[PDB]
Each structure stands twice: as structure tokens, then as C-alpha cells.
Amino acid sequence: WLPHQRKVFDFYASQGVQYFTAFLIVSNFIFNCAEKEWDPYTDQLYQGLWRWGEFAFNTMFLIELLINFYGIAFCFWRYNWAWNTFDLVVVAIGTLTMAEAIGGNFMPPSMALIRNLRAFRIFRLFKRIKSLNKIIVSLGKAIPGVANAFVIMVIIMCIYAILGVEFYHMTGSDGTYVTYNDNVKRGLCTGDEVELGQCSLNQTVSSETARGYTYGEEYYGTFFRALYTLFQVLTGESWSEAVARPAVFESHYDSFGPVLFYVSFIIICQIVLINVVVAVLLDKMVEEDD
Amino acid sequence: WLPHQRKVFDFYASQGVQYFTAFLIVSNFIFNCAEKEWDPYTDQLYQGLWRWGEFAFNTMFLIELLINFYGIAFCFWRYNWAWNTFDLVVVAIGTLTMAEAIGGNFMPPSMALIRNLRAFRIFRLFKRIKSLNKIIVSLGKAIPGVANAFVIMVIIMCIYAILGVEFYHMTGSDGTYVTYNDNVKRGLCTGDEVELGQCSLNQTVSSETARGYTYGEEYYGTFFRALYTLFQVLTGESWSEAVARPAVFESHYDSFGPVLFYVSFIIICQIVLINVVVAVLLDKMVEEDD
Amino acid sequence: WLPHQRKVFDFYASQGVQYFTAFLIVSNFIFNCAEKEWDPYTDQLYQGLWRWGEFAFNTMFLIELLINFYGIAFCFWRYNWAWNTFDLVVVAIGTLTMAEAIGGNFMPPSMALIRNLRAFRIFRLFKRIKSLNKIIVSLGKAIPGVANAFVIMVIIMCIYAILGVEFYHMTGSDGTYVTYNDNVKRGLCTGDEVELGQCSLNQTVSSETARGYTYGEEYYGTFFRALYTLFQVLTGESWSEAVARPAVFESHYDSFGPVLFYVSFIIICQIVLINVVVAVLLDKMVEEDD
Amino acid sequence: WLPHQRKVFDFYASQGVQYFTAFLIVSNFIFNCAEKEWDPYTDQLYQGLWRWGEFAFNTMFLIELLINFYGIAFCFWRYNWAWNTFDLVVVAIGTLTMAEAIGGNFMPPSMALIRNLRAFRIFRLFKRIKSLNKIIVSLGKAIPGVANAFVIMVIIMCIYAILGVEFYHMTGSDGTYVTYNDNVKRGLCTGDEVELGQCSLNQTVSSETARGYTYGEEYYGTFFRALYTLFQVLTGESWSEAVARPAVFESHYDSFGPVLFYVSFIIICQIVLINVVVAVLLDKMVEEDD
Amino acid sequence: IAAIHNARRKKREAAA
């Protein structure tokens, strides 16, 4: 073992040092938040501030990592392997960022998504605060119980996605669909004006969405587009005015079809399946709470 | 009674053979999903791939069905009648699809909805995996308990649908409704300009929907249109900006009518009735879980 | 007592007679539903059908009421006063409808809302079926417990309605509100073009709604308009894109005002208060269930 | 200290006097509501009515405060410090309003937000009615338990806000974005017309919102705009048609990016985190109820 | 919130 390992390790496990590292984690997260709030642009105004602040924070986190490993004989396989691994990863990326800032573009412009991993340093705060840790451990021990109902709900969503691609993937392909009125029957016009040509019972409504598509291509053009449409319907977002109603009204006497499609999907998936997923989730969490 | 049926039956009931059939079921479902994702068009690009893949899967499922029935003396009334029946149905339709692919269009172009039954083969996976089976059996033994509250909610929805057809089925029939504003009263204009004709207190807003209708014809034109509108309101989808608010502000001084209509519907049906339906559902399911 | 009262009363209490009256109630409700589905128009096509059908149903319900009262010595104060009263009311209105159909317009054209009371005859079915009765009695014994949390939620909604009328009742009164963009700071234009006049940092977006109003007049023009807007926000309907966001982005630098307004309202009312109301409701209902 | 304080104090604690003050509180709140309903304008029509009504109510509430303090020896530190403090604050502001109405504009035009504090006098009703008090004390003793899950949810929302500002803060900056067709592949046009120029596979859809912005600037232009966008998505408001879908379909072949962004956010935050927050809230409240 | 209620019940009844 290292001749300086024991007292240094019990020093890093001290209450105050953990609280100080926590303060430093929260300050770094607030620094990233503030960068995105006051300086989000491409051509930044205060670039050196964020750069050297990230540099100083990465230096302090590297020193903290070294104090950590120095106290556990630099192994970190044996003691608290998960958080030590996550810390090693984030500080390794931070050192990569230091090198990138100083002496060149070590990484290709492609994988900057890894530079974006600074935001996830805040997850290290969950280890120190016993309440957030309690919440995330309950969540983790609750998710496998959810897995089954989740797989059932996804199976049904893919069934409905196949059905939707088969049925509606060409609704409004011309860019327009026709809906038929009840004009003469209701009172708005007399039957003679229709036969003469003064009024009509069909309206050639247009089908373009605000994304430039047609109704069918965007909402059910492919299987993943349809699965996404059914996710948006599962969360209840504009499922009628944008998704359902153009389909329901496009077909003049076959309105039972799309109506039953969307009503059955909503009932089954939304009500029953989402409530069962959430119910088993909360059940698992109250299990772990007690 | 087959000579080696007992030995054969055991093979079908083996763990590995059931897992292999399950793998084959999931692969066929993924094949259908992939067909709809990479080749959804009418004029397909790789038509032979999907055709002969469905053919091979149908052949393997037919062989599995024959191994099944050969092990139960080909009766299938006495042992596991429900799943055996469902399997017989889906493989019969698959054999119909094989015949359709090879030697002619046996079925009229009308009932292709039965060729679409391939997507529902995945339901056979629920029998083999004990967790999904555990979920669907709880759901099935929970639904009859829901029946009562569901019938109450539907009774109230049909009441509101009759009321809505009687009241609003002609709202905006001209295509336009007038709304009145407090321009002189609020400060936007002086009372003299109104009497002279410079300003007005009414705006002839148009009532056409994005479906080509008028507000009344589409949302409450008939009883089933109104019942569908009330379903969309029960799920909370654009109930105000699309459904309620044009009615509420069509009336000059009797805005209490539509307001009370939609507020009472939302409160009663949405909050109380949906939460009671879901509550008895989850109660029944937790009953069966324990 | 009446010399024929006892056996007639125990005959009306018979299982089969109650089931037959229930069948007749459901058939009358289906008749009204069908009238609204197949013949909703003002100038009806089959008017005699609905008229004489309502007549026959009213006659049968009157005969049922007379058999009822004849069995309870025509008192109906003592025995089952609530349902007897409701039945007497609905059949009295039905007899009014018979008279109206035969020998003149007894009622002014104003109060037809009482002819619309046919739809509520179906509520008499709840007395005969022991499950629906079990649900509505639990609901009735649950509502007083809800009263307190409901009054708290309404108090907070009226507070927010006063605040909203004071703040936003004139947002966009000109019909247009100005919003400001970071065009020069972002890269879309250079600062010189702004000072010269080629680009700008303000866009005069228009504030008219699809009802013809301005944002302020419609959503918070008065206290009841504001209370209705806050109801629509409490149910989650377009609270951001229609209600919140024009207010939030109308303010140049004080966007914290409307943001905190709507965020605080949503959090408090929606999440906490709606979940507490529904929780005490379901708690009271599970109390009565057991 | 005072000679007759002992009897004056027990008089102010009387049932009837508390009920009378409660009636007076509710009447004042109804007076403010009625002012905003019947006279919301800037140039009011009945200004003296509201002014002198607020004056009389403030006088009665001041007399009530003096009777209160006279009964507790004018200390109010010792006995019921919280409600006494709130009452002192609101009546102090009311006396400020009396002075403002009579002898000048004591306060700058800036902080009228404090004159708006009349609406919050109704909170004093919660002290007298034991049911509303029972609800708000449970809420107060439930909120600290929520604090942890709330902080976790906010941490995740800020993570997603940083990610969103980095990714989408420039989506549609030109005001238009391009979405790509599958026209030749589907059947709507033949490949030759595209190469000749008769048809195209891209649509230059415009990106301006109804706020005058572009999609990126408004929804994720800064970190607080993005945090607000993610709040609107957390409540389920137009998260797809307004927020998600333009991003998802802006990308030609990398639609997995925005799709996974919004789907992961919705699942995690909406379903899991909101249900856990509300679950611990209701759990704490049922704890205090029993 | 039924999911919450059910979990609460199960926990209490199981303890009982």
C-alpha cells in the first residue's frame, strides 16, 4: 500500500471536503448554465471567461480525482467502482478539453457531442446528498419492474405503427383531400343549385402541414414516422386536430375506421397502459421506500 | 391417437423449442416493421424480399403448428384451446397468403384487412414469456370490473352528445359568426366613431375549420360527430381553442350556456369519471397481482 | 289505503317489471340518440317518426308512473321520495310535450331548454341497475369531502384572475405587440445595417386571435374571461402557445413577470391542487367502497 | 397591560366575531372580483364606488386589527405571530391605500404591484375555517418532502436546456428550413421530372412563429427560453406540432437526434419525474391527514 | 394518482 494512503483517504471521505466538492460541482453547473444564458451565440462575446473558467474547474476536479485515487491506492476497482469510474470518465474528458483549448484540435469536429458532456458533471452531486441518492436508487430499482409493461406498450405501439403505415401513409398525397357536406340536407343550399353548379357538397381542403409535407407522408410515411406520431398521440399532443381529424373526415362513409383506430389506440395505450406502467413504477418505488 | 405423439408432445413443450418459436415470432414481427420502415411505398423497390420472407416465415409457422397438433392428437379442443385456436387462425391466414402469392388472387380486393393480420402474430409471444402473460391476464381479469364505470361514462357522453347536436349543430352555418368587443368602453375608440361608422363593436370572424367545414357541422353536425368531439374533449385535445371558445364567444350575452356545457363535461367526465375508471382498473390489477 | 294497492305495489317492485321499464328507458334514450344522429336538422325529414315515438314513450312512462303511484297509495312522500320525485318531474314534462305536440304551443319559445330534458330520462336507469347505483352513491358521498379543496382551488383561481385582469387586460390592445430579437448579437445581421435601416431588432407581430379580438381583451378582458382562461390553463389546453407566450415575449426585459405568473399558476393549481382534489375524491370513493 | 384587555381579547376570539370578520373578508374579495368583472377598464365608469368601498373595507379591517392588538396587549410577537404579522402587513398596505386615495401619490408609479395585494386578503379566511386550514397545513408540511424530487427534476430540465440551446438555438435562423421528400419513391412524380426541374424533393417551409421569431430563437434562443420551452413540454402543451416536429423534420437523415431528445425528455421528466413528485406530495399529505 | 393510492394500500396492508 501507499505510505500516505490511509490518512489522505479518510480526509477525502470527510464531511467538509465532500460538501466543498459538492459546492464546486454546483458552481460549475451554474457556470455552464450562465454561459448558455448570457453567451449562447456562435461568435461569443466573452469567450475567454467561459474557457478559463472551464479550465479552472477541470483543474480542481482533476486535483480532486487525484486526491481520491491517492487515498484508495490508485486502484478504484475495489472501492466504489461506479462513481469512481464516472468521475474518471468526466475528468478524462475535461483533461481532453484542457488539451483541446491549449495545443490544438485533438478531436475531429464530428464528436463534439462529447465536449457537451460537461452538463452531466452535476450527476456527481447525487452521490454526496443522501436524499437525491435515495431517489435515484429507488428509481433504478424500480425500472426493471417497469420493463415488462413497457415492452407490452411498445409492442402495441409498433402494431399500430404498422397498421398506420399500411392505411394512412398516402392520405392527402396529392396535397389535398375532399370532405363532403350536408349542405342541401341541412338548409344551407337547395338541391337545385347543386345540380346546376352554384353550390357543392365537397370541399377540396389542402393537406400540407407546417413542415411542408402531406398528411400521410409526415405522420405515417414510414414505420418510424408512424411510431413517433403514435408517441405524440400517446402523450395527447394534438392527436385530433392534427393527426386524427383529417383522416377521419377524409373518408366520407368509412369514418368508423380512423375513428376506431385512434379511439382504440388512445383508450388502450394512453389510459390503460400508461397508467399501468406508472402504477408499477410508483409501486416499486414505494416498495424501496419501505 | 398417434403412436409417437406423447414423445412428440414433450418436444413441443420443451423450453428451448418454445424459446426458438419465440425468437422466430419476434424476427417475423421485426421483418414486418422493417418492411414498413424501408419499403412502405405502393410500388415497392424490394418486393421479392418481403414476399419470400413472409413465405418462409409462414412455412416455419405452419411446421410449428403441425408439430403442435401432432403432439396433441390433432384435436386442440381439449388442450390449450384458446392459443391453439388463435395459432390455427393466423397460420390459416398465412397459408391463404402463400396461395395468394403463388397461384392467384383468391380473395377479393375488398378484405385485404385480413392480409394485414400478420402484425398480430406477435401476440403469440405473450404466451411464452411469463411476464407479459402475467400482465395480460391481469388486464383481462380487470376489464369486467371497469365495464360498469365505463358504461356510466358512455351514458353521460351520449347525453352530452345529444345536447351538443341540439345546441351547436348550426353554429357558424353561414361560415361566419360575429363576436362583440368593448372598443368604446375599454378606450380603443370613442362612442361617436361607432355611431358615425368609423369603428364597430362586432367582428365577422369566419367559422371554417381546417377540414373545410363550419364549426357546427364538423364538431356537432350529427350524433356520432358530437360523440367523437366529446371524446376529443375527454382526452383534453384542443377542447377550448378549437371546440369551446368559438361557441362561448359566438353568444353575445349568454356565454354561460356553452361555458357551463364544456366546464360541466370536463369536470364530470374527465376528472371524476376517467379517474374512477382508471382507479377501478388499477385496483382490479393490484387485486390480481396479489 | 287503496283496496288494490298491495298486490299492485309488489307487482311494480317485481324484477321483471323493473327490467322491462329499464329496457324501455334505454330504448327511449337510443331513440333520442338516433334522432340526433340521422335527423338533426332544423327542417327535419322524418318529423312524425320522432314526434309519435316520443309520444308513445311518454304514454308508456306515464302508465308506469301511474302503476307506481297506485301501488304506494298515490302519496310518494313516504316511499322512495327522491326517485319518485324525479320520475314525476320527467313524466310531467313529457305530458307537457304531449300537449304541446297536440293542441298548441303552451310554452313560450324561450324555455325549450325544458323540452331538452328528455335526454336526462336515462338517469332513471341508475336506480334499477345495482352497479351504476353503487357508483353514483359513492360519487355523491365523495363530493362533500372534495368541497374544501375545490373551494381552495377556486379561491386561488380568482386571485390569479384578478391579477391577470390587472396585468394583461390590455396586452396587444392596438392589435399588434412588438417583440425584440437578438439579430445582431446572433450573427444574422451586422450592427451597421440596423443603424442604417436595412434590418431591425423589433417585429410588429399582430395580436388578433381567431375570434377577432386582441390577446388581452379575449383572454383577460374581464374577470370571468380571465377565470375561464385560467380554467383552460388548468386543464393544460394551449396555455403556452396561445395564452402565455405572447405575454412572455411581449415584454422586452421583464419576461420574468408573465413567466412566473403562468409557471406558478400551473405548478400550484394544476399539479398540487388538481392532484389533491382528485386524491381526496378517490379516497372518499374507496372509503365508501369498503 | 390594558385594563379590559382580558375581556376584549376573549371577545375577539368569539365564534361570532370571527365568522363576521370572515363574512367581511369574503365580501371584500367579492368586491374586488366585481370590480374586475364590471369595471376593468383604465378609464373606469364607476370609480368612486370601488374607491370608497375599498376605503370602508380598509377602515373595518383596521378596526378589527386594533381590536385584535388591544386584546393581546399590542405585542403580537407572543400570540399567533404568523397570522398577526400577515394581518398587520395587509392592513398597513390598506392604510397606505387610504392615504394614497386621500392626500397624494405617496408611492412612486413603479411599485403598484403592492396595491395589487388586496386580492391576497382572502388568505385570511383560511385561518378561520378549520377545513381550509387543514388543507393548507397539510400542503405546507408536504412541500419539504417534495423538495428533493423537485430539485432532481429541475436539474434534469436544466441539463436538457443546455443541450437544447447548444443544438437547436439556430434552427431556422434564416426563417426557413428545408424538409426532404420521398416523391419519386412513393409515386407522386417520376424521377425524370425531378432531374428536369418539374418537381422537387425539398420544400422550403418557413420557420417564423406567431411571435415573429424563428423556431430556434424563440424556443431555444437562450437558456431561460429553453428552460421555459421545456416547461411547456413538461406540461404537454404543443410539444410536437410547435416544438418537436419542425426540429425532427429539419434534419434530413439524422431525425433520431431530436426524436430521442424529446422522447427521452418526455418519458423521463413528464412520466417518471412528475408522477414521483406528485406521488411523494400526496403521500406526505395522507401522512398528515392520518 | 390511482397508482399512488394502490401502492400506498399494498404497503400498509402487507405490513398489517
Once amide H atoms are placed 1.01 Å from N in the peptide plane, what residues at a sequence separation of 5 or more from D:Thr176, or on another chain, have their amide H within under 5 Å of its amide H? D:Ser207
Candidate cut points under chymotrypsin sites (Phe, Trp or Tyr not before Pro) in region B:31-77, DSSP loop plus at most 13 other Cβ atoms within 10 Å of their own Cβ, are B:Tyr46, B:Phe74, B:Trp77
Relative exposure of B:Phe29, B:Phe224, D:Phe231, judged by other C-beta atoms within 10 Å (fewest first): B:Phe224, D:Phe231, B:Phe29
Acute angle (nearest 10 degrees) that the helix C:47-71 long axis makes with the longest principal axis of chain C, alpha-carbon atoms: 60
Report the charge-dipole magnitude of the protein assembly as shown in Debye, nearest 20, computed about the Cα centre from +1 at each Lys and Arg Cβ and -1 at each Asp and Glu Cβ. 5360
Rounded to the nearest 0.05, FRET efficiency between D:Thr176 and A:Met111 (Cβ-Cβ, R0 25 Å) equals 0.30
Expected max-MSF residue from D:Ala247, D:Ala161, D:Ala56 in the GNM of chain D (alpha carbon, under 10 Å) is D:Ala56
May I ask which of A:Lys130/D:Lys134; A:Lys284/B:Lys130; A:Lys284/E:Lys10; A:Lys134/B:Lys134; B:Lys7/B:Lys134 have a Cα-Cα span longer than 22 Å here? A:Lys130/D:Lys134; A:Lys134/B:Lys134; B:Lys7/B:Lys134
Roughly how many nanometres apart are two label points built 7 Å out from the Cα toward the Cβ at A:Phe74 and B:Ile63? 6.0
Among B:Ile102, B:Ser14, B:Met60 - extreme Cα towards positive end, dipole of region B:5-128, charges at beta-carbon: B:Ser14
From largest to smallest, what semi-axes in whole angstrom does region C:5-128 give when each is the square root of 5 times an eigenvalue of its alpha carbon gyration tensor? 28, 16, 12
Measuring from its Cα centre, chain C shows a charge dipole (+1 at each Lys and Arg Cβ, -1 at each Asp and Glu Cβ) which, in debye to the nearest 20, is 1860
Per residue and in Å³, how big is the convex hull formed by the alpha-carbon atoms of chain D? 229
Distance in nm between E:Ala14 and D:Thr85 label points, each 7 Å along Cα→Cβ, equals 4.3
C-alpha long axis of helix B:81-103 to longest principal axis of chain B, angle in °: 90
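Calculate the FRET efficiency for D:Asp254 and C:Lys7 from the Cβ-Cβ distance with a Förster distance of 60 Å, rounded to the nearest 0.05.
Working: r = 82 Å, r/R0 = 1.37.
After rounding to 0.05, the efficiency reads 0.15.
Below 11 angstrom from the Cβ of B:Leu163, what's the summed charge of the other residues (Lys, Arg +1; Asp, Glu -1)?
Net of charged neighbours comes to +1.
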Specify the inter-centroid distance of region C:257-289 and region D:228-290, based on alpha-carbon positions, in whole Å. 18
With Cα coordinates, the longest principal axis of chain D makes an angle with the long axis of helix D:256-265, in degrees rounded to 10, of 20
Chain A, Gaussian network, Cα under 10 Å: of A:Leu227, A:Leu188, A:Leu49, the residue fluctuating most is A:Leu188
Listing A:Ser138, A:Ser264, D:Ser238 by rising number of other beta-carbon atoms within 10 angstrom, fewest first, gives A:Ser264, A:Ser138, D:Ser238
If R₀ is 35 angstrom, what is the calculated FRET efficiency for the pair C:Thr204 and B:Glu195, using the beta carbon separation as r and rounding to 0.05? 0.70
Name the residue, out of D:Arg51, D:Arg115, D:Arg186, whose mean-square fluctuation peaks in a Gaussian network model built on chain D with Cα pairs under 10 Å. D:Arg186
7 Å along Cα→Cβ for the label point: how many nanometres lie between C:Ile271 and each equivalent label in the other copies, listed shortest first? 1.9, 1.9, 2.7
So what's the back-of-envelope 222 nm ellipticity for the protein assembly as shown, counting only DSSP H runs of four-plus at -39500 (n - 2.57) apiece and dividing by all residues, rounded to 500? -20500 deg cm²/dmol
Distance between the C-alpha centers of region B:1-51 and region D:106-148? Whole Å please. 64
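Bear in mind that the values in this text are calculations on the coordinates, not laboratory data. FYI the Cβ positions are ideal-geometry reconstructions off the backbone, even for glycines, and counts take in every protein chain you see.
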